[PDB]
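Report on the following structure.
Reconstructed Cβ throughout: ideal geometry from the backbone, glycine too, with neighbour counts over all protein chains shown. FYI, it's all coordinate maths here, none of it is from the lab.
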Ligand SMILES: O=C1N=Cc2ccc3c(-c4cccc(O)c4)c[nH]c3c21
Ligand SMILES: [Cl-]
Ligand code: NA
C-alpha cells in the first residue's frame, strides 16, 4: 500500500533514507534518499505501486535501462542512469541518479510561463540526440512529455519582466536527461494498441495504423510547442476532438490514412464525423488556429523553430522527419557555430 511506505525517515533496503518526495504519477512515487552505503550520495528512488500493470512496466523499464546504460556508460546520450533495483514490502523500487525538476514542474512553478528560445534550442537538441540514441537501438520511447524530461540541475534566477508584467524564472543551465522507460518498446516486441499520453499522441497511434519510432518525433514536436507557449495546442481529453484540433492546426488528414484506418468511429464517409456547432466544436474553433499563428515573433530564429515543429508534425509517419535529420535542421546551426 503506497501511502504506508513512502515517508521521510523511512529506510529502504537497509541503506536508502527518505528525505523528500520528488514526484508522484500513475505508477507510484519518486522519493529522494540518502544512500548510506555510497558515502551519503543523494539518489532518486521510484517506488512502484503493487499493481499488475505498473509492476510489468517497472520490470520492463529495468531491462531497458540495463541495456541503455551498458550501451552508453558515460551517459553521452542523456538517458537517466539506473543504479540498482530492489523490492520493499513487495514493491519494486528502482534507484536512479538524482536529477532536478522535470520540465513540466519547472514550467508549473514558473506560473506556466514558457522557456526562452535559446533554452528551447539547447533542450530540443539534447532531447533529439537522446531519443535518437533510443531509435538507433531498436527502441521507441512512446511516452515522451515534459514530465519525462528532467533538468540535470534546475537552479534559476528570477526577475520582473515588465514586457509581460510578471516575475520570471530563468534556468542557469538547461541541460536535460530523459526518464521513464516503462513504455519503451523494441522493434520486434508486441506493440500496444494505444500509446502515449493524449496530448503527445501521434495520428497513426490514434488511427491504429501501426506505430514505430516516428510517433516519438510527433511527441517531441508537441513538447517543443508546449515549451514555446507554456501550454498545449491540443487541450483535450477526447480522441475525436484531438483529431479535430489537428485538422484546424495542421490542415486535413491525408486521404490515405483515412482510407486505411479501422477507426471508423471517427469518420463519416471520408471526413471527420465532427459537428462544428456543438460545444466541443465551438471550443475547437475558439481554441485552435493554424500552427504558425501561434508564433510570438517573426524573427528568423522563430521561423526556424516553427519550420522544424511543422516537419515533426507531418501526419504521414514515413514522410515525417527523423531525429537524425532533425539534428541537422537549421534551427540548431546556432549551437554548432565555432
Ligand atoms: O531525479 C530523478 N531521477 C530519476 C527520476 C525519475 C522521476 C522523477 C520525478 C517525477 C516523477 C513523477 C512526476 C513528477 O512530476 C516528477 C522527479 N524526479 C525524478 C527523478
Ligand atoms: Cl535559429
Ligand atoms: Na463512422
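Things to note:
- In this simple spin-label model, placing a label point 7 Å from the Cα along the Cα-to-Cβ direction at both residue 7 and residue 164 gives a separation of 4.1 nm.
- Look at 246, 2 and count the other Cβ atoms within 10 Å of each Cβ; fewest to most, that gives 2, 246.
- Three-way shape call for region 177-271 based on the alpha-carbon gyration tensor, with the a/c threshold at 1.5: oblate
- Fluctuation leader among 74, 50, 148 - the chain, Gaussian network, Cα springs under 10 angstrom: 74
- The overall shape of region 149-195 is prolate: from the C-alpha gyration tensor, with semi-axes ordered a ≥ b ≥ c, the ratio a/c is 1.5 or greater and a/b exceeds b/c.
- Extended-chain gain in nm, criterion 0.36 nm per residue less alpha-carbon gap, residue 336 and residue 81: 89.1 nm
- Footprinting exposure proxy for 3, 268 (fewest neighbouring C-beta atoms within 10 Å first): 3, 268
- Model label zone, residue 212; criterion: amide N under 18 Å from point 7 Å along Cα-to-beta-carbon; scope region 179-205: 184-195, 202-205
- Inter-label distance, residue 24 to residue 157: 3.6 nm, where each label sits 7 Å from its Cα along the C-beta direction.
- Each peptide in 38-46, 133-141 receives the mean, over its residues, of other Cβ atoms within 10 Å, and ordering these scores from highest gives 133-141, 38-46.
- Share antiparallel - DSSP beta bridges, the chain, percent rounded to 5: 100
- In nm, spacing of pseudo-spin labels at residue 256 and residue 270 (7 Å Cα→C-beta vector): 1.5
- Least to most buried among 183, 297 (fewest other Cβ within 10 Å first): 297, 183
- The GNM of the chain, with springs linking C-alpha atoms under 10 angstrom apart, assigns the highest mean-square fluctuation among 114, 214, 235 to 235.
- Angle in degrees between helix 300-312 and the longest Cα principal axis of the chain, rounded to the nearest 10: 90
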